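Below: one structure, written as structure tokens.
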Ligand SMILES: O=c1[nH]c(=S)[nH]c2[nH]c(=S)[nH]c12
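In the entry's author numbering, the protein residues as written are 628 to 739.
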């Protein structure tokens, strides 16, 4: 397939995923200055802003590498936060609502 339409599709998909994060709590890296223990067991932080930087740096050339970093946004949050927190429930909801978005986007990609 051709590169430019694939990237235009990942851009749209990333926008749709960000739309599901209505609190915008995954829009930027977790502020280590406010969460000084975050990197103790989170070995690769991830967020939507960095996903955008990776997209435009041509770091996502297939749907799996894009989806892998989205999954990190979710899994890091589930790992760090207790189950009874807003953070944890937000990651569960993002996993649920993001899953449909990714499935449809991958179908569009496989037609290419
Ligand atoms: O998962 C989190 N993501 C962010 S951006 N900030 C923050 N603070 C605590 S505590 N947990 C989290």
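Cβ coordinates follow ideal geometry from the N, Cα and C atoms, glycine included.
Fill in: Within the segment 683-733, ranges of the beta strand (DSSP E) (whole runs, at least 3 residues)
The beta strand (DSSP E) runs lying completely inside the segment 683-733 and spanning 3 residues or more number zero.
Worksheet entry | Beta-carbon proximity of residue 721 to residue 647, cut-off 8 Å | For the purposes of this step, residue 721 is identified with residue 94 of the chain shown, where counting begins at 1. For the purposes of this step, residue 647 is identified with residue 20 of the chain shown, where counting begins at 1. Yes, Cβ-Cβ distance for residue 721 and residue 647 is below 8 Å.
Practice prompt. Keeping to the same chain, check which residues put their C-beta closer than 7 Å to that of residue 706; ignore five residues upstream and five downstream.
Written response: On the chain shown, position 79 is the one that residue 706 refers to. Excluding sequence positions up to five before and after residue 706, its CB lies within less than 7 Å of the CB of 668 and 669, all in the same chain and listed in chain order.
Worksheet item: Helix or strand or just coil, what does DSSP make of residue 678?
Response: Residue numbering aside, residue 678 sits at position 51 when the chain shown is read from its first letter. Three-state result, residue 678: helix.
Item to complete: Output yes or no for whether 8 Å exceeds the beta carbon distance between residue 635 and residue 717.
Response: One-based indexing of the chain shown puts residue 635 at position 8. One-based indexing of the chain shown puts residue 717 at position 90. No, Cβ-Cβ distance for residue 635 and residue 717 is not below 8 Å.
Discussion item. Measuring alpha carbon to alpha carbon, tell me which residue in 723, 704, 715 and 683 is nearest residue 639.
Written reply: Numbered from 1 along the chain shown, position 12 holds the residue referred to as residue 639. That would be 683, whose Cα lies nearest to the Cα of residue 639.
Discussion item. Going by C-alpha to C-alpha distance, which of 709, 728, 658 and 738 sits closest to residue 645?
Written reply: Walking along the chain shown from the start, residue 645 turns up at place 18. If you compare the alpha carbons of 709, 728, 658 and 738 with that of residue 645, the shortest gap goes to 728.
Worksheet entry | Sequence-distant residues of the same chain with beta carbon closer than 8 Å to residue 725, five excluded per side | Reading the chain shown from its first residue, position 98 is the one you call residue 725. So the list reads 644, 647, 697 and 701, once near-sequence residues are dropped.
Worksheet entry | Beta-carbon proximity list for residue 675, same chain, < 6 Å, skipping 5 on both sides | Position 48 of the chain shown holds residue 675. Here the set comprises 645, 653 and 654.
Worksheet item: Would you say residue 658 and residue 703 are within 8 Å of each other, going by their C-beta atoms?
Response: In the chain shown, the residue the question calls residue 658 occupies position 31. In the chain shown, the residue the question calls residue 703 occupies position 76. No, these two residues do not count as a Cβ contact at 8 Å.
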